[PDB]
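Peer 1: Protein chains in written order, with the entry's author numbering: chain I, 24 to 87, 115 to 142, 154 to 159; chain A, 24 to 87, 115 to 142, 154 to 888; chain B, 128 to 163, 182 to 202, 209 to 246, 254 to 483, 490 to 557.
All residues carry an ideal CB built from backbone N, CA and C; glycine is no exception.
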Amino acid sequence: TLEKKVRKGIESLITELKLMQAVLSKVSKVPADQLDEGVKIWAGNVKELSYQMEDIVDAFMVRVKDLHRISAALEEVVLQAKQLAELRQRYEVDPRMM
Amino acid sequence: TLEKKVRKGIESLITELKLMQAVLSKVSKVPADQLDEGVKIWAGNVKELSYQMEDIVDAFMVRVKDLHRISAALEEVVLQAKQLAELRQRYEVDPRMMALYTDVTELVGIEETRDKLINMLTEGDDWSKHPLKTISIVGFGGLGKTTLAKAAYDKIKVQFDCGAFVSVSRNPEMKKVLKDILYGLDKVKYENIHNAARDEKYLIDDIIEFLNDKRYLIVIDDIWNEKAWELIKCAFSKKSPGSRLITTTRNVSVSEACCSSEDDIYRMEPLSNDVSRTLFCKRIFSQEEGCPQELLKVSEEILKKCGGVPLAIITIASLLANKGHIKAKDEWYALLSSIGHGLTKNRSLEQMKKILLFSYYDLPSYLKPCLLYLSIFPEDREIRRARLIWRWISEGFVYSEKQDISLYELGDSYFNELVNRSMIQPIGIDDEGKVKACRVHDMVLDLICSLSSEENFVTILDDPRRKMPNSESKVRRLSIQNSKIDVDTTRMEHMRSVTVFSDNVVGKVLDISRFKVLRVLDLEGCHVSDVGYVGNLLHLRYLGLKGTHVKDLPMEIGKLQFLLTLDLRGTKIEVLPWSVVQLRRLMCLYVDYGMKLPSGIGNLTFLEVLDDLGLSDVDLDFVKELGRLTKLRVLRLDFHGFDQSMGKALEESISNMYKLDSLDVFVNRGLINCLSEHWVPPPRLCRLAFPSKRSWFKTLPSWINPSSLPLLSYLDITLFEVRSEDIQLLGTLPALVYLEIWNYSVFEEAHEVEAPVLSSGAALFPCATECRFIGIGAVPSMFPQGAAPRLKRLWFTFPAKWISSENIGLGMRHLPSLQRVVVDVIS
Amino acid sequence: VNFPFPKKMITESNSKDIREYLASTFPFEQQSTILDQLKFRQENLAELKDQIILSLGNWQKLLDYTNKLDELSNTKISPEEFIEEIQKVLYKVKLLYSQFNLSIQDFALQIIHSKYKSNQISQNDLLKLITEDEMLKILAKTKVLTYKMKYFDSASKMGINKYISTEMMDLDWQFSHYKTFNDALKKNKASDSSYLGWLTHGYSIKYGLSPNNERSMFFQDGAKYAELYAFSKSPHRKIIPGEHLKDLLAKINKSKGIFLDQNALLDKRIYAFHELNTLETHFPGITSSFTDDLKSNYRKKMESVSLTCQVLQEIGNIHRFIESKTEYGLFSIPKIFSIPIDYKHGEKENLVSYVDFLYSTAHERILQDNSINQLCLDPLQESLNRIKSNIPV
Ligand SMILES: Nc1ncnc2c1ncn2[C@@H]1O[C@H](COP(=O)(O)OP(=O)(O)OP(=O)(O)O)[C@@H](O)[C@H]1O
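#1: Give the straight-line distance between the Cα atoms of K759 (chain A) and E786 (chain A), rounded to the nearest whole angstrom.
#2: Following the continuous alpha helix (DSSP H) through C342 (chain A), name the residue where it begins and the one where it ends.
#3: DSSP state of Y429 (chain B), grouped into three classes?
#4: Less than 8 Å between the beta carbons of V127 (chain A) and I37 (chain A), yes or no?
#5: Does the Cβ of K227 (chain B) have 16 or more other Cβ atoms within 10 Å, making it buried, or fewer, making it exposed?
#6: Taking 7 Å as the cut-off, is the C-beta of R338 (chain A) nearer than that to any heavy atom in ligand 1?
#7: For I416 (chain A), verify whether its CB is less than 7 Å away from any heavy atom of ligand 1.
#8: Please confirm whether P393 (chain B) has its beta-carbon closer than 8 Å to some beta-carbon of chain A.
#9: Going by DSSP, name the residue or residues bridged to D699 (chain A).
#10: Less than 7 Å separating the Cβ of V169 (chain A) from some heavy atom of ligand 1?
#11: Measuring straight from C-alpha to C-alpha, what distance separates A45 (chain A) and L204 (chain A)?
#12: Compute the Euclidean distance between the alpha carbons of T405 (chain A) and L508 (chain A), then round it to the nearest angstrom.
#13: Could you check what DSSP says for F518 (chain A) in three-state terms: helix, strand or coil?
#14: For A829 (chain A), I'd like the list of residues in its chain whose CB is within less than 7 Å of its CB, leaving aside the five on either flank, ordered along the chain.
#15: Beta carbon of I837 (chain A), beta carbon of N868 (chain A): below 8 Å?
#16: How do the region 676 to 694 of chain A and the region 651 to 664 of chain A stand: do at least 3 beta-carbon pairs fall below 8 Å, yes or no?
#17: Report buried or exposed for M504 (chain A), applying the criterion of at least 16 other Cβ atoms within 10 angstroms of its Cβ.
#18: Can you give the beta carbon distance from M316 (chain B) to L494 (chain B), rounded, assuming they're within the 8 Å contact cut?
#19: Exposed or buried, which one is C295 (chain A) when buried takes at least 16 other CB atoms within 10 Å?
#20: Can you pull the chain A neighbours of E39 (chain I), defined as C-beta to C-beta under 9 Å?
#21: Let me know the secondary structure DSSP gives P860 (chain A) once reduced to three states.
#22: I need the DSSP call for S540 (chain A), collapsed to helix, strand or coil.
#23: Strictly below 7 Å CB to CB, what residues from chain A border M43 (chain I)?
#24: Between the region 339 to 349 of chain A and the region 299 to 319 of chain A, do at least 3 Cβ pairs fall closer than 8 Å?
#25: Looking at the C-beta of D59 (chain A), does it have a partner C-beta in chain I at a distance below 8 Å?
#26: Looking at chain A, which residues of the region 267 to 295 of chain B have a Cβ within less than 7 Å of any of its Cβ atoms?
#27: What does DSSP give as the partner residue(s) for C832 (chain A) in the beta ladder?
#28: Is the separation between the beta-carbon of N68 (chain I) and that of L134 (chain I) shorter than 8 Å?
#29: Taking C-beta pairs closer than 9 Å, name the residues in chain I that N68 (chain A) reaches, listed in chain order.
#30: Can you tell me the Cβ-Cβ gap for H555 (chain A) and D241 (chain A), rounded? I've got them flagged as a contact below 8 Å.
#31: Against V46 (chain I), what residues of chain A qualify as contacts under a CB-to-CB distance less than 9 Å, listed in chain order?
#32: Closest to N543 (chain A) by CA distance: which of A:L182, A:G608, A:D524, A:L746 is it?
#33: Quick one: give me the first and last residue of the beta strand (DSSP E) that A498 (chain A) is part of.
#34: Are the CB atoms of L243 (chain A) and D282 (chain A) within a distance shorter than 8 Å?
#35: Smallest Cα separation from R328 (chain A): which of A:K177, A:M843, A:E125, A:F683?
#36: Please report the distance separating the alpha-carbon of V165 (chain A) from that of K388 (chain A).
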């Protein structure tokens, strides 16, 4: 009953974690000179969000009362995810050659 | 009321299905090398939603209580698709070029094959006045096609004036190819030719005007998609004797588009066993082979796997010995176990996997799943192609909108398209006149299994593998194999298909009724007869029970309103239940002659192929009843107890059928009082077999005439007497690729082998590869070699009293490969 | 008993010592041995009507055609009408009732033999009537049914029912009528004899004579016979097999390999041997594996096992003879011509010595091998042990 919604939201968490590490790896290739600072700020924020999501999924997996705690936490972290979403859309030689 | 909203949402689901399939086809074109991981993850999730909504819509179609369930599932999957939508917005050289530069003294067995390629083109260079010809080389994946062309090329260049290699990729740019041809002809005048940007046409005109009064030998390789080569051929359209061309390709449907002659097509075969062994020992082993004497069997078994492909063996040998045989007899076996399921997940081997995936990527859509389906079947075994065709049709992989196609010929065309792309070896000829079974190369089969397992296309339980996925719920295709241990089947509720390979664990551990939705059920070779639950399965399409010890089947088969296959060979059942007319859709019914069919067969209007219909104790209405349903293409009939005017009734009722392609009638030691001499045969017919030998006709059937049934390619006829005009009449027929006649009275009465003659005409046999005459003397001094241009084997009888005669004029080499024959002689 | 091998010697001036007794005694009158009268069946042709009247009350047509059979047996009819009259019942009957049904047919067919052996039937008439396809399957079912009716009961308790061979059946003194039907037909039409043997063996399998859990992949199907006839009329079809023929070769070599083993189960090996041996006997050169036979001694193993079956059959016949002095079978020997219980003086001088040489004959040219020992040596030893503990009693 109650555990069902939590269980079916967890896989959404894993999926979007995979997408977030995809983005983070993509941005991490370019050196910190050709990267515009808006992307830097957004990337840092999504990194923190990813840590939060990983902690939540880990707590669920180690545990199974607390079901309601993690349910609130999950909906809460998804809420920061939604808020961080539209902020991004709201605003947009070789040295050893010598 | 409630039905209207769901009935309205279904086609919205269908529109979304079309859009998703379009984007999935677009994203699967790129190799999984330029595609970013985010798009790929999103694509996988989209694919999962695609399966779920197909299942929902199919459940609606088969079912129409349940409406509530359908509506709830539909709203849920809509919410899932919505939620997946915003995640994506929220978070957002040629490998074979090096081979071309390889040391010449590193190729083993090349010179003899090179000589065969040279003297099939330069034999006319002697008197280099012949019109120019092209020699096409075909093959599969990589087996010496480009190298062989270069060895020949580098050999014969002093005796020409021009020449160049040009390569054409998967998706050529015609101007680039033409500039490459121009550059290689002369590098001085055309030194900066790749900078000139005229068009596709002025530089064709320039290349034509350059090659006037010269013999060159231009060679073009790797030509795919024949429409590309129709441009180059216009560059080569002026008369130029003594000039020649070479073409290499993996498509055998483009080679006949070249050279217009089958003798110029060069099929090339893998290396022999000993040559492959010498190559294998040249790379790993330094100079001797007598040291190990303990891994020799391992090397044998490894070389058997690669077969003959110079590429596979070159790659494996490079992997096996980095520095002085760094591995011995333990990880050799580990490698051997790894191949088949997981070898490619390694290093320095991924080089060749791109060369093999080239062909897989070049496949159009609607054929990627058909090729991926082959991963179901085990490592080394022949796969009957009819099984694949029916499984494909039942799966939903075959579909169209033309209504001029019976949806079976379409599957056959797909199979032939797989064959001509040089990806599956066809072997043997079936009883219907086409390819019997197919076999796939071991390296390619293991490579595609991995590709299929990257998604949830199939799931295989194997003892060497002994591996399971993390999500038991998202399983659609299962292939139980030699494994009989971990047979958990709890959390696979939406299972699309299941098949079991030669296992006695089935049934006692398996529980199939628990699969509420199921599309095909395949049970070749099992020893289980407890089928009493198929009434609960209502989505079923394919039901194979060949050799299953099935003694009886449930009475409620009629409920399976959707059904396309029943294979019941080798079963213990001897009577079909009456509830089979209730079936409305069917295309095949594989039954044995022992079983008795209930009355009412005429209602199975959609039936497409019927096999081994037993006619024993049959009444007139039943015989007439088959004629109303006219969609058959293959029909097999045998009987023991109705040989009366009912025979003529059936013989006339068959002519109602207008779509036959094959026929065969079996009868024991009797005159054929079935076929009447005043009767039109079906317009289309190819096989028309008669496998009985104790039976006979009194005379040659009158309806057999070059005018009607012009597409015959098979007879298997037998007659009591024989005439010298019957053979001539048979010679009037257009195709008749296969020939066989039996003289019944010769083998049954005291009759002398006479010598019939073709008096009229000149050849009467333009194309008959096989000709067989039993009890009939077919003397090969019947006409000069310019009569039957293609005839690989010929059989006849030669009486011994004709040794002294003068009518035995053999000894000359006829046009076809007719130097192998052992004629049955009688004293 | 652990009776040792019966070591003897059969030479000249010893052959006729026992064969002369065998030349005139009740048994061996219509048989043969490896080392190499109208009243008797008239009385049964009269007694065919013993118990029929008892259970007439359904059963009336049995008595009615029993009377007709007895009438035709003694009456003389010209051959062109006798055959039609006797086929009136052969081509009408379909099926405690069935035991009496076959006895009508079994005695009916012996009339043709009785008149043919009396030169009343022309050979040409018999040749013209044997081409009928119906009678081939008819006689095929009658032979096996009659055999399993009577000799199966005695063989089952004897322990030799496991070694009953289909082709090796004409040797029975009661079934002395099939020599003509075999020889005349085979020297007049070789194909038809093979056909009828194939049908007979298929009926034997379907009727439990050699039962199995697996379907017959060589018998009970017209495809098979068509292909075998085509092979028999083409000596170069094994070289280039066609469709429906690769599988036959695969199955035959699986059968041969399964027979060649030693530790797998015995019943399936005997069954496979039965079918395969019938296959060569009726179709020569079907399994000419000239490479494997040389390394396996398979060809000689065929004679070894066939002679084992032969000697075991003769041992069973001797057992059924000695215990009689009704195990001879129903409608085999009438009450008056029966053999009483008292012992006869000629048996002590022609039975123990005869079985002594019989075993020695088979144990003089049989190869010994682990595979053959469980197929030939062990049955021979058990038969010897059982046959040397029952003669004095
Ligand atoms: N006879 C041979 N001896 C040794 N190596 C060979 C031999 N033939 C081919 N190879 C090597 O095997 C590899 C096969 O490449 P190949 O030139 O056959 O490609 P190909 O036939 O054109 O196939 P594709 O159509 O995939 O390009 C090359 O490295 C080639 O040098």
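Peer 2: Walking through what the data contain:
#1: Taking the second sequence and counting its residues from 1, one reaches residue 759 (chain A) at position 698. Taking the second sequence and counting its residues from 1, one reaches residue 786 (chain A) at position 725. Approximately 15 Å between the Cα atoms of the pair.
#2: Locating residue 342 (chain A) in the second sequence gives position 281, counting from the first residue. 334 to 344 is the span of the alpha helix (DSSP H), which, as asked, contains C342 (chain A).
#3: As a working note, residue 429 (chain B) is residue 271 in the third sequence. Helix, per DSSP.
#4: For the purposes of this step, residue 127 (chain A) is taken as the residue at position 77 of the second sequence. For the purposes of this step, residue 37 (chain A) is taken as the residue at position 14 of the second sequence. Cβ distance not < 8 Å, so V127 (chain A) and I37 (chain A) don't count as in contact.
#5: Indexing the third sequence from 1 puts residue 227 (chain B) at position 76. When all chains shown are included, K227 (chain B) counts as exposed.
#6: Within the second sequence, residue 338 (chain A) is the residue found at index 277, counting from 1. No - ligand 1 has no heavy atom lying nearer than 7 Å to the Cβ of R338 (chain A).
#7: Walking along the second sequence from the start, residue 416 (chain A) turns up at place 355. Yes, the beta carbon of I416 (chain A) sits closer than 7 Å to at least one heavy atom of ligand 1.
#8: The count along the third sequence starts at 1 and reaches residue 393 (chain B) at position 235. Yes, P393 (chain B) lies at the interface with chain A (some Cβ there is under 8 Å from its Cβ).
#9: Position 638 of the second sequence, counting from 1, holds the residue named residue 699 (chain A). Looking at the DSSP assignment, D699 (chain A) forms a beta bridge with A:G675, A:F727.
#10: Here residue 169 (chain A) corresponds to residue number 108 of the second sequence, with the count starting at 1. Checking every heavy atom of ligand 1 against the Cβ of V169 (chain A), one is found closer than 7 Å.
#11: Residue 45 (chain A) sits at position 22 when you count from the first residue of the second sequence. Residue 204 (chain A) sits at position 143 when you count from the first residue of the second sequence. The alpha-carbon atoms of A45 (chain A) and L204 (chain A) are separated by roughly 35 Å.
#12: The sequence position of residue 405 (chain A) within the second sequence is 344, counting from 1. The sequence position of residue 508 (chain A) within the second sequence is 447, counting from 1. In a straight line, the C-alpha of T405 (chain A) is about 7 Å away from that of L508 (chain A).
#13: As a first step, residue 518 (chain A) must be located in the second sequence, where it is residue number 457. Here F518 (chain A) sits in coil by DSSP.
#14: Counting from one through the second sequence, the residue named residue 829 (chain A) turns up at place 768. Contacts found: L797, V798, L800, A849, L852.
#15: Locating residue 837 (chain A) in the second sequence gives position 776, counting from the first residue. Locating residue 868 (chain A) in the second sequence gives position 807, counting from the first residue. Contact: no.
#16: yes
#17: Numbered from its first residue, the second sequence carries residue 504 (chain A) at position 443. Classification for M504 (chain A): buried.
#18: Position 158 of the third sequence holds residue 316 (chain B). Position 330 of the third sequence holds residue 494 (chain B). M316 (chain B) to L494 (chain B), Cβ: 17 Å. No contact.
#19: Position 234 of the second sequence holds residue 295 (chain A). It counts as exposed.
#20: Mapped onto the first sequence, residue 39 (chain I) falls at position 16. Within chain A, the residues near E39 (chain I) are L137, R140, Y141.
#21: As a working note, residue 860 (chain A) is residue 799 in the second sequence. If DSSP states are grouped into helix, strand and coil, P860 (chain A) belongs with the strands.
#22: In the second sequence, residue 540 (chain A) corresponds to position 479, counting from 1. Strand.
#23: Along the first sequence, one-based indexing puts residue 43 (chain I) at 20. Within chain A, the residues near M43 (chain I) are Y141.
#24: no
#25: The residue given as residue 59 (chain A) occupies position 36 in the second sequence. By this cut-off, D59 (chain A) is an interface position.
#26: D291
#27: In the second sequence, the residue the question calls residue 832 (chain A) occupies position 771. Paired residues: A:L800, A:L855.
#28: Taking the first sequence and counting its residues from 1, the one referred to as residue 68 (chain I) is at position 45. Taking the first sequence and counting its residues from 1, the one referred to as residue 134 (chain I) is at position 84. Cβ atoms of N68 (chain I) and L134 (chain I): closer than 8 Å.
#29: By one-based count along the second sequence, residue 68 (chain A) stands at place 45. Chain I residues near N68 (chain A): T38.
#30: Residue mapping note: residue 555 (chain A) aligns to position 494 of the second sequence, counting from 1. Residue mapping note: residue 241 (chain A) aligns to position 180 of the second sequence, counting from 1. Incorrect: roughly 53 Å between the Cβ atoms, too far for contact.
#31: Taking the first sequence and counting its residues from 1, one reaches residue 46 (chain I) at position 23. The answer, in chain order, is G61, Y141, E142.
#32: If you number the second sequence from 1, residue 543 (chain A) lands on position 482. Here the closest residue by C-alpha is A:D524.
#33: Within the second sequence, the letter at position 437 stands for residue 498 (chain A). Per DSSP, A498 (chain A) belongs to the beta strand (DSSP E) from 496 to 500.
#34: For the purposes of this step, residue 282 (chain A) is identified with residue 221 of the second sequence, where counting begins at 1. For the purposes of this step, residue 243 (chain A) is identified with residue 182 of the second sequence, where counting begins at 1. Cβ distance not < 8 Å, so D282 (chain A) and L243 (chain A) don't count as in contact.
#35: Counting from 1 along the second sequence, the entry for residue 328 (chain A) is found at position 267. Selected option, being the one with the closest Cα: A:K177.
#36: Along the second sequence, one-based indexing puts residue 165 (chain A) at 104. Along the second sequence, one-based indexing puts residue 388 (chain A) at 327. One C-alpha to the other measures close to 29 Å.
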